[PDB]
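[1] part one of the complex, untouched from its place in the assembly:
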Amino acid sequence: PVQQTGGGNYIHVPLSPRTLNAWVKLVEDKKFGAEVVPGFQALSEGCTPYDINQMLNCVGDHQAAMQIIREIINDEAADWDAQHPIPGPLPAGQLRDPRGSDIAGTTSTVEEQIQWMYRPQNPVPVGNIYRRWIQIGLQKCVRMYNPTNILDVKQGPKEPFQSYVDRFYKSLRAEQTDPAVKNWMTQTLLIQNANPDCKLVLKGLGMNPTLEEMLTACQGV
Amino acid sequence: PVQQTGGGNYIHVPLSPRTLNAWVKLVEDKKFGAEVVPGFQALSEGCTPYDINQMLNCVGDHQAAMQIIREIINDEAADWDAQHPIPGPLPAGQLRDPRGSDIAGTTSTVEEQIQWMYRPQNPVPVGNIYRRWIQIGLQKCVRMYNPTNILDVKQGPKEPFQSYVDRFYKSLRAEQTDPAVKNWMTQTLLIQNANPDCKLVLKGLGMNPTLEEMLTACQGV
Amino acid sequence: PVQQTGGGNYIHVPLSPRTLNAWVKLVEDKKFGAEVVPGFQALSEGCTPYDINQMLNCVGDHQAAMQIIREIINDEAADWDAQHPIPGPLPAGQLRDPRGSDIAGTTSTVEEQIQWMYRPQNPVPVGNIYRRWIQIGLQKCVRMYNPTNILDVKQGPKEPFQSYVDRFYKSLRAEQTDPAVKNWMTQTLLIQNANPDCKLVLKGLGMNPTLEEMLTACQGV
Amino acid sequence: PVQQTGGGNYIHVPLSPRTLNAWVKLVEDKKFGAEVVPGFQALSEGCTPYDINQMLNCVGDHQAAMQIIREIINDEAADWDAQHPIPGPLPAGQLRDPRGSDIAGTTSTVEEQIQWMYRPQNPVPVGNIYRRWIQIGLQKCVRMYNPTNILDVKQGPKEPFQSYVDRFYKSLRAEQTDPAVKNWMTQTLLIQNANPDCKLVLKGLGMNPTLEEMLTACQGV
């Protein structure tokens, strides 16, 4: 992280143990639950990359997924190098313009990552760009770990409509589905993959019911 | 959240892990108990919307209810857009006047949400307006989850008048009932849905007893 | 709560989660033990009313007692309105003189509650007056929940004089008894409601023994 | 407690929940172990009396002992009133010279207790004097609760000399014994109340052994 000073220059405060441990305990307990994606951001809102890397590295389990995230950061990295050019030999006295690897803090140092993140001429935040990339690797894994696809989430003889709708929506977000499909699935597949006795009551409501109405109606059916 | 500086402009401090976890542990343990509504406010008294959204999102369970809250924020959102007009093309150099979605921080950024929340000309607090909306979705769910309606809370042969009155009042607040009804239910339905032996003693007190008198009298009856 | 600033006006800091939880865990575990009364004050020494109300409200159990406290705050409230007059239409630009409900923060806002609590002309602390009222409702409940009245606390064949005196004094404070009665009960009823074998030894000490002497003497009797 | 300010007067910071709870958990678990006396001081090094009283009061158990402490504070209190005279009617504008009860903060307020504790003309610390008194009541109780007197701490066939010496010294401090007696008991009663086989070996060392020598020698005897 970065803490500024009065009469002094910006300094690098370290990351904190509690936070390093919470991220570790949100991935080893929730088994890369979708929520892992925001937990990470919040725990990292103001962490320079060197620190983000130390956190992800403390986790020595689910190491296949972490490798997948590393592959994704390198692929996104290639795009930034291609789209952003080299101004040419940059005159000594100037910190090298940032690349996808310095953004990570691998080849670069925290002090240089703070320098770009705050340089007055063109501040390049090498702290938030990296997290975004990590979040695409985390998100794919969540999608690789939705044990049930939404088309298979249905209702058994003794399964109600409140637990089923919970199992459905939780998967729908984790599949990283788009919005229009979300509504169609929400207004149709919810009723299709259900017990018939409750289905008749959800259909008794009328057309385009609301989740409030669907839930209240099928209370005890 | 927002922390101001001396010699510097307002900055965005992040939300804290402990608080993100407490909200999560007040919803997964109390099963959206009514108290969830204030716990949220207190945990969020000074959180800009971006953060309020990160908290609600970390919870990946009870996701049906969270969807209901999202529907409610969008419905209230339509009202604000209708009631509050567009001054027209706003001259470049001016931050767009706030809408129901920027209030959420979805399409907007925290820096802009802080800018309106503190702009000197007409400070628009986009932090408290949003929470209020979230609280109406949370409140409906509590009402959707009062397992017993107050008209069904009664006294069995071995149920006393202290546990029953507790089960009654807890439901009365969670039903989000109005005040005049609250008093009538309080002075009448409490005695009606009760064991007769205790009922005779509560009636021996006189007319319009006080909960102190009702409770002390039916001690052991 | 209220935190003052240098070069800036007083601000409202929020209440803290840990404290909201401790009050909740001192009432759901001690079952409104007498100590609940001071725990509250200490946890609230510098909390503006809006916050005191949020804490009491997070507790959704023992809700009958909380209603009793609400009745007591309204009754005390009537007294303040009667004793303190209305200076008449107060000129615009002046915050309304405080009433029993603003003291609670119900109809009022924290900023106005801080304004009176610190107004230079006649600072009206709307923070401590309210707590005092809450403490009379809490105290009555403790008295409504002393399972044993002091006149019934006695000694059985295998009950000693150290556990009995503990059960006696704990009730004596919770009954909210007065001081002169406290001494008479202390020097007389302690010996009366006791095992005879120990009674003879407590009486062997002489007249007006001291709890030190009474306790040391009946060691093993 | 008291926190001073720059450009402002001294203020009263409150006591903290964690500390109120630790004192409570050092008395309900250690059953007024001697260590309770220092735990209290350290937890209270800078607490004005009002707070010291709130802590002791949160403990609603072992209430006989707390009453004994209250009797002791009143007895010491009489001595201060007798030894320290009344300068006579003190001119309005002057805070009353402190008495044993204001030192407690009972009849007095924290602001007045801070005023004497810091008054420039003759600062009277009403914070440390009170604690000292509380410590004499706590100490008597520890002495009233040494289950074994040192003259009864001895060695059985299978009791060694390391556990016995531990049981002996722990009692010796809790009896609040004097120093000269401490040495005689230490160099004599330790050997007297012991197993003979180990006694012969402790005596083989010579005269006035040291606890290092006594302990190393009787290793396995």
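    Yes, it's here. Numbers count the residues shown, from 1 in each chain, chains lettered A, B, ... in the order given.
[2] CA atoms for contacts and neighbours, from now on please.
    OK.
[3] distance of the residue nearest the centre of chain A from residue A:173?
    Centroid-nearest residue in chain A: residue A:37, 3.0 Å away (criterion: CA atoms, centre = their mean). According to CA to CA, to the nearest Å, residue A:37 stands 12 Å off from residue A:173.
[4] and what of residue A:14?
    In terms of CA to CA, residue A:14 sits 34 Å off from residue A:173.
[5] The two: who's more crowded?
    Counted by other CA atoms under 10 Å in any protein chain shown, residue A:14 and residue A:173 do not tie: residue A:173 has more neighbours, with 18 against 13.
[6] does the more buried one sit in a helix, a strand or a coil?
    Under DSSP: H, G, I helix; E, B strand; the rest coil, residue A:173 falls in the helix class.
[7] Tell me which stretches of chain A form helices.
    All helices of chain A, identified by DSSP state H, fall at A:17-27, A:36-43, A:49-58, A:63-83, A:100-104, A:110-118, A:128-144, A:161-174, A:179-184, A:190-192, A:196-204, A:211-217.
[8] Ok, which of these comes nearest chain C?
    Nearest of the helices of chain A to chain C, taken as CA to the nearest CA: helix A:17-27 at 16.7 Å.
[9] put chain E onto that model:
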Amino acid sequence: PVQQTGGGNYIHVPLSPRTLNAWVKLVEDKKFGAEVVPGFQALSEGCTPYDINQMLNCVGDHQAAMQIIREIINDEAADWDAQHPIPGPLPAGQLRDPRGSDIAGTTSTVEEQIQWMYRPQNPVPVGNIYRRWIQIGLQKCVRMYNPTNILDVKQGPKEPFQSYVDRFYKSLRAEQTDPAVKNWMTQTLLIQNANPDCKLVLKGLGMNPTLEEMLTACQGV
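    Okay, chain E now, added to the rest:
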């Protein structure tokens, strides 16, 4: 650690208990897991050597490994002494130029270690150089404790391809293997040491599959 002051010189703040305990609880629970290496750095980002030494020393178990680390710090130490010369008798008034042992803080004091770490003429950070050395001793131990070598990590009849790849990669990093070998092992030995039924499906993908494809394909095979 080191905290600077305004109007005063740099001071040595101490290390914190929680951190001393976390390092101890990351080595006695993870049994020198590879992650121990970064946990240490993060917990020590800004700790002067004297403190780093106090932490490692609190751990009294796995003391063979700590001795190995001590041997490694002494061997690296010899290199620094050889490569860095003695400018000769350094004039009194000048702190001795740093050596490998002062870097540790053994023969040196924290104040001198802070003086070099911040001396304006040629700041020598004796805080980060030491940690680096400790990290080579920690890393060797992790390699001495990879119970399974990657050439022995294979798939049994009921072992899938997700747990196996996890056991493989975790070892690959802990063996401290190089990058080119990492890719060859990754694209070849992963398929070789596997169940044949899944092997046929991983081979059905084509050539140079990606861990995403390999993992999705062998789902249920």
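[10] quick one on the thing from earlier: ok, the residue nearest to the centre of chain A - contacts?
    Shown here is residue A:37, whose contacts under the criterion CA atoms under 8 Å, 6 or more residues apart in numbering or on different chains are A:135, A:138-139.
[11] Now list the buried members of those.
    For the contacts of residue A:37, a burial check counting by 16 or more other CA atoms under 10 Å in any protein chain shown picks out A:135, A:138-139.
[12] And the residue of chain A that's closest to chain E?
    Counting by CA to the nearest CA, chain A gets nearest chain E through residue A:58, at 4.6 Å.
[13] can you count the residues close to that residue?
    For residue A:58, the count of nearby residues is 21 (other CA under 10 Å).
[14] now residue A:185
    18.
[15] repeat for residue A:189
    With other CA under 10 Å as criterion, residue A:189 counts 16.
[16] if I read this right, it contacts residue A:154, doesn't it?
    No: the criterion here is CA atoms under 8 Å, and residue A:189 misses it with residue A:154 at 9.2 Å.
[17] what about residue A:57, distance to residue A:127?
    Counting by CA to CA - residue A:57 and residue A:127 are separated by 17 Å.
[18] and chain F on top of that:
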Amino acid sequence: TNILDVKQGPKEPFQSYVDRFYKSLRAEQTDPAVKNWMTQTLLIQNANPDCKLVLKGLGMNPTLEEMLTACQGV
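    Chain F goes in next, on the same frame as the chains above:
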């Protein structure tokens, strides 16, 4: 019929099925994005297991042209 009910018969080709699917996809006036998801997924899910595995062996995000050729005589 409807697209969430259309299913390839056990001894029916997945070709007969696609003609009973795209015909019912346009009729339902399904949105274009909802069309792509149903197209790349709901076809394979509501199909014979043998051809479902054969199209799954075809690879990721297959194209209908390839799906038809691979499930030929499947």
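[19] and the neighbour count of residue A:189, now that chain F is in?
    Residue A:189 sits with 17 neighbouring residues when counted by other CA under 10 Å.
[20] mind listing what it touches?
    By CA under 8 Å, 6+ apart, residue A:189 lies in contact with residue A:151.
[21] What does the residue lying closest to residue A:157 once chain neighbours are set aside show for phi and psi?
    Counting by CA to CA, 6 or more residues apart in numbering or on different chains, residue A:157 lies nearest to residue A:195, which is 6.8 Å off, once chain neighbours are set aside. Note on residue A:195: its backbone torsions stand at phi -70, psi 140 [degrees, to the nearest 10].
[22] just the residues of chain A that are near chain E, which are they?
    Listed as neighbours of chain E in chain A under the rule CA under 8 Å from any CA of the partner chain: A:14-17, A:51, A:54, A:57-64, A:68, A:144.
[23] what does chain A put close to chain F?
    Residues of chain A lying close to chain F by CA under 8 Å from any CA are A:180-181, A:184, A:192.
[24] List buried members of the residues you listed by neighbour count.
    Neighbour counting by 16+ other CA under 10 Å classes A:181, A:192 among those as buried.
[25] In contact with the residue in chain A positioned nearest to chain B: list those residues for me.
    The minimum distance from chain A to chain B, using CA to the nearest CA, falls at residue A:35 (4.6 Å). Counting by CA under 8 Å, 6+ apart, residue A:35 makes contact with B:57-60.
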